[PDB]
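Number of protein chains: 2
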Amino acid sequence: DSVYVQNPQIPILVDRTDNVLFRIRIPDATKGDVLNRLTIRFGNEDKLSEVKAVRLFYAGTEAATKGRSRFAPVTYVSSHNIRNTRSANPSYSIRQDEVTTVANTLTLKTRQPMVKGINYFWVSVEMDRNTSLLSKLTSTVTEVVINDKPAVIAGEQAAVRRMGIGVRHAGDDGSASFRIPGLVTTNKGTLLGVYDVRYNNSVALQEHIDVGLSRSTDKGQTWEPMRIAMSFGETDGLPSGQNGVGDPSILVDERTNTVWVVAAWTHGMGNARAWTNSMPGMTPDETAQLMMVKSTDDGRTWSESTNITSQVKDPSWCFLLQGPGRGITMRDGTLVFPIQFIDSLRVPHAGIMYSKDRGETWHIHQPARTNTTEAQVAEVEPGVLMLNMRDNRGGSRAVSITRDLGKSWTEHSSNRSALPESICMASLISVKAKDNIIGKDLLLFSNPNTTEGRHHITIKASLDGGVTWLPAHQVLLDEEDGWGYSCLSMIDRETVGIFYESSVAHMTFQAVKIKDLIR
Amino acid sequence: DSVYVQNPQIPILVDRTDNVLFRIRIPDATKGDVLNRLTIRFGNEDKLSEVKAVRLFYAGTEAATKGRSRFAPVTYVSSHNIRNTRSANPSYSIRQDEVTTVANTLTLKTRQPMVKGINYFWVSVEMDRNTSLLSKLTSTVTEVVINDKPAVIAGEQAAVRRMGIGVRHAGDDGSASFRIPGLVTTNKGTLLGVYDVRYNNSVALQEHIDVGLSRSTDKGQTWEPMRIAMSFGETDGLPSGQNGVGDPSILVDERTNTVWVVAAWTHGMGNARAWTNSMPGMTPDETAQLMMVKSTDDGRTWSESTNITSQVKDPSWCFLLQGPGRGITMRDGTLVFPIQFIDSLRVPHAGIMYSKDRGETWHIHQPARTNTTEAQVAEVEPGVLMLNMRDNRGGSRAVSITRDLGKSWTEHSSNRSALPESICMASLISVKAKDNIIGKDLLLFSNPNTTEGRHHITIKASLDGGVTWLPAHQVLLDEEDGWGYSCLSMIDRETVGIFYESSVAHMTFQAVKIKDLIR
Ligand SMILES: CC(=O)N[C@@H]1[C@@H]([C@H](O)[C@H](O)CO)O[C@@](O[C@H]2[C@@H](O)[C@@H](CO)O[C@@H](O[C@@H]([C@H](O)[C@@H](O)C=O)[C@H](O)CO)[C@@H]2O)(C(=O)O)C[C@@H]1O
Ligand SMILES: CC(=O)N[C@@H]1[C@@H]([C@H](O)[C@H](O)CO)O[C@@](O[C@H]2[C@@H](O)[C@@H](CO)O[C@@H](O[C@@H]([C@H](O)[C@@H](O)C=O)[C@H](O)CO)[C@@H]2O)(C(=O)O)C[C@@H]1O
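Residue numbers (the entry's author numbering), protein chains in the order written: chain B, 34 to 552; chain A, 34 to 552.
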């Protein structure tokens, strides 16, 4: 009569058959014990009309050497299995009960005789496909009955669960995986999400990789079928596997609504990683190429690729590429893409690349900091760019300031202190006071909020230009393991959108009210 | 400059679209160089009528960091990709030319401008599906033309190539992988091949694993659809992922033609490895179960499973299971399966389990040797069993003798000396003088012929009861990387069959003339 319940803070996907609502460990069972019924209660203000079904599963027992504090023996719903990312793997979970009309109180039953020791059950919630992304479930296991005696319930299960949508699942359109998210909002309020389409596997360039794009005109409820924003197929009669293009960055020219996508095209390089194999020079045969496409129809169709390598790459650099995620338009109309280069001695540096002429020509000046890679840039005050950098030293984000488009750089007070990381891509955006419901300038940041691994994907807000990130002004979205990359874009005045690699899908979209972030 | 050719000693699969005949490295190319023409010559006695097509592919260049001695940048034809194991991955190889009528001289052409430095081409052979498994190609690249000047050819390319058949490819019947081959010949000359059907991935028990069986009544030219010899589905309401059965061993009762299959059923154990997680006791909830099925109709249908655990397992053992591969009938009608057990202190021991009553009851006496696992047994002389053991000490096979069914054991002269291994399953069989064309007692052995990795799958023959394995009495079948497990069975008086995990398919069958092994 002692049962442990977890309510995991992971997204409930509106497009999934199964989502883990509760994991349950019964640690000290006698052979033949039966979980006769368990009762679930939903908060009074929950929209139960959007809940399609609730299922109780049994997942058997634990291995003798894996200890007694786990809530599962295995991943119940895979985000990697190309054959099934949408329902529980039936080989790990057997359905005991199912309810297809959901009330505020709900009872699930089993007749399953338990084995001696640890026994695992879990509750799946299925949502209607048209469920609001802003909907929230407050669910609690209130009663567990074993051998017709109510059992003592323990565990943190008070989580307020949020909805999301799997824009790209492993295997979609025959692609093994999707990685490296970028997100912008066009002047028409259209969401544009870019990513690597990694056809063969999940390894970085060099490989068969194109830049894909997902488009939504209804704030992420619906996503139009995947467009290929950029591709090099069998250029020069070299295999598509030696013509990959990826690590995309996307920005909206706020003056013209012209959408720009920059990416790294690797030509040759056998089947090895560009990071260690891209070499000095300028030609496609010599070094990775900086390539760009544009859309003048709000991201519906895409220009042929233009090669901008000659404009910005020093010949001595082993590798120049965009910082993955997004770029910005400044108040004065300057277009800015974060960049990174590996110098002649294999030392990586983060910096910025900008256009003054609507993207006709691009310029790079001085690197911001030694041994940095992926970076995102925000205009924190007029003419003042904040670069927020992945740092190979580990532990925390590097933060620098330029007032001269990266001719010179100043360390910010928050440098290597305020924002923990595990050496991973992070998103930073600025929101003007007049452009959001709070009526105050915001910085919004997202990354895996840990110094080890990639998990606890969190949106953080700053009211003081990134000097301070109060714990209260943070929302945890995904406490389980993923590939960690994310990108933020304001959807409207009241909600921020996050397009990220999650524990529940390769490309996950969630929408969060600013009023949830700030007070 | 020179051009390098390799003729890799790997099986040409009769059921494949593409097979690597030649790999070609042009190391010192000038940008724009064109391989105009390449001429292939076949031996005068080759059966070119069963060659369906020959293709020339281009696979681009090499990575800067991967040196200049490789014959490819990547696996051309995958044995793991569930979406395609039968043709070249089109993202790594572009077809230049194709010939569908093959003569003793053959010319392939390209117009492809080469990149500066290393350029890779390769020759694919496609065989008629009804190609004899005993057929051999003797092929050499005799001319390579670059910029209408013949180039200097170098490299070992004098291999005599052999045919094979992919009985099981990764992805077949929705299964991620197939592992752990066993092979017997029934009294009706029927080949029976058993293996793990590993549905979710390629990891060992505990997982969703069944024992599959492939049957051939024409010496391996054709294989009947996969039968499930053994399965535990959702026994006791535990998931199929916690009801795996695998590491199968198969023997023919030569007196009755009754076919027996023994396998390890793991019940519970979360999603962890049975090797470290099976614990002392006797019940399915406590420890791995030794389970058996039989076929009285030459392997067409299979009995329900019988639980043998209580007859032979010491309660203090963490784990008792069959040695994967095959068992034997002795001259006196005793049925013998090799076995292995992990004692109370986690020390593994190889031994034998036998029946004197046509498989009604089974008995285990003493272990042969400390820190041994997988073993195969042959009757080398009347009443004299040779156990050939995987040894955790590394470098070489353990070999012991019993003449009292393992009550007592003697080290053989060949022990830890004569047969190199990398710690891997190996096959051993005996052939009586009156049962084969040579008219002499044979021992035949197969394993990866190396002390490191799993490659150079080789059949070895001994004329002196395993005292000596002369280098001349050996056939190399697969010089490239695989999972290494194999099982031998005589097909008829003239040919040995090998069912093995190869570089070209999860379950590969080849047939070899004894007269190729011996002089
Ligand atoms: C163009 C490019 O390289 N792509 C990006 C890559 C970058 O290299 C880093 O931003 C800069 O350091 O980062 C990502 O992938 C990383 C990560 O997986 C990391 C840790 O797992 O390993 C890395 O590669 C290692 C490893 O050992 C190698 O075995 C893997 O290939 C090598 O030794 C050199 O770094 C691996 O490249 C990532 O963070 O997710 C994917 C991103 O597209
Ligand atoms: C359970 C069982 O009966 N399975 C068989 C297994 C046996 O465990 C060994 O004979 C015992 O020594 O052998 C095979 O699997 C091996 C192999 O994959 C090997 C690496 O090539 O790793 C091994 O696992 C390691 C690693 O640590 C573990 O963490 C990985 O799983 C562990 O220490 C056991 O040695 C892994 O068991 C093999 O040789 O191919 C396949 C065969 O089914």
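By construction, the Cβ of each residue, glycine as well, lies at the ideal position given by its N, Cα and C atoms.
ask   = Closest Cβ-Cβ distance between residue 264 of chain A and chain B: below 7 Å?
value = no
request  = Give every residue of the same chain whose Cβ lies closer than 7 Å to the Cβ of residue 152 of chain B, excluding the five residues on either side of it in the sequence, and list them in chain order.
outcome  = 59, 62 and 94
inquiry  = Taking the straight line between their C-alpha atoms, what separation do you get for residue 415 of chain B and residue 466 of chain B?
reply    = 13 Å
key: Option nearest residue 267 of chain B by Cα separation, candidates B/402, B/300 and B/353   = B/300
request  = Compare the C-beta of residue 145 of chain A with all C-beta atoms of chain B and state if any pair is closer than 7 Å.
outcome  = yes
request  = Report, in whole angstroms, the separation of the C-beta atoms of residue 263 of chain B and residue 358 of chain B, which I expect to be a contact under 8 Å.
outcome  = The Cβ separation is near 16 Å, so there is no contact.
Alpha carbon of residue 175 of chain A to alpha carbon of residue 525 of chain A, nearest angstrom = 38 Å
ask   = Is any heavy atom in ligand 2 found nearer than 6 Å to the beta carbon of residue 308 of chain A?
value = yes
ask   = Comparing the CB of residue 375 of chain B with every heavy atom of ligand 1, is any distance shorter than 6 Å?
value = no
request  = Please check if any C-beta of chain A sits within less than 7 Å of the C-beta of residue 42 of chain B.
outcome  = no
query = Quick one: is residue 94 of chain A near chain B, going by C-beta distance under 7 Å?
reply = yes
task = Mind checking which residues open and close the beta strand (DSSP E) that includes residue 327 of chain B?
result = 322–328
message = Give the list of continuous beta strand (DSSP E) stretches no shorter than 3 residues that lie fully inside the region 126–169 of chain B.
response = 127–132, 138–142 and 150–160
request  = For the beta strand (DSSP E) containing residue 493 of chain A, list its first residue and its last residue.
outcome  = 490–495
task = Provide the residue span of the alpha helix (DSSP H) that contains residue 39 of chain A, from first to last.
result = First-last for residue 39 of chain A: 35–39, but that is the beta strand (DSSP E), not the alpha helix (DSSP H).
query = Could you give the uninterrupted runs of the beta strand (DSSP E) lying entirely in the region 66–106 of chain B, keeping only those of 3 residues or more?
reply = 68–75 and 84–91
request  = For residue 457 of chain B, write down the residues that DSSP places opposite it in a beta bridge.
outcome  = Its beta-bridge partners do not exist; DSSP assigns none.
message = Taking 7 Å as the threshold (beta carbon to beta carbon), is residue 304 of chain A in contact with chain B?
response = yes
request  = Report the option in A/128, A/321 and A/98 whose CA atom is closest to the CA atom of residue 340 of chain A.
outcome  = A/321
task = Indicate whether the contact test is met: 3 or more Cβ pairs, each with one atom in the region 41–55 of chain B and one in the region 114–121 of chain B, closer than 8 Å.
result = yes
task = Report the three-state DSSP secondary structure of residue 275 of chain B (helix, strand or coil).
result = helix
query = Taking just the CA atoms, how far does residue 455 of chain B sit from residue 516 of chain B?
reply = 11 Å
request  = Using only alpha-carbon positions, find the residue among B/539, B/548, B/530 and B/550 that is nearest to residue 249 of chain B.
outcome  = B/530
request  = Give a yes or no on contact between the region 438–445 of chain B and the region 303–317 of chain B, applying the rule of three or more CB pairs nearer than 8 Å.
outcome  = no
ask   = How many angstroms separate the CA atom of residue 447 of chain B from the CA atom of residue 518 of chain B?
value = 21 Å
key: Cβ distance (whole Å) where residue 90 of chain B is taken to contact residue 157 of chain B below 8 Å   = 6 Å
inquiry  = Is any non-hydrogen atom of ligand 1 found closer than 6 Å to the C-beta of residue 159 of chain B, if you look at the structure I gave you?
reply    = no
inquiry  = By alpha-carbon positions, which one of A/244, A/364 and A/207 ends up nearest to residue 468 of chain A?
reply    = A/364
Interface partners of residue 148 of chain A on chain B, CB under 9 Å = 269, 271, 300, 301 and 318
task = Select from A/295, A/427 and A/451 the residue whose C-alpha is nearest the C-alpha of residue 388 of chain A.
result = A/295
task = Give the straight-line distance between the Cα atoms of residue 110 of chain B and residue 537 of chain B, rounded to the nearest whole angstrom.
result = 8 Å
inquiry  = Quick check on residue 291 of chain B: buried or exposed, where buried means 16 or more other Cβ atoms within 10 Å of its Cβ?
reply    = buried
Distance cut-off 6 Å: residue 485 of chain A Cβ against heavy atoms of ligand 2 = no
request  = Just mark residue 493 of chain A as buried or exposed, buried being the case when its beta carbon has 16 or more other beta carbons within 10 Å.
outcome  = buried
ask   = Three-state secondary structure (DSSP) at residue 184 of chain B?
value = coil
request  = Identify every residue that forms a DSSP beta bridge with residue 257 of chain B.
outcome  = B/248
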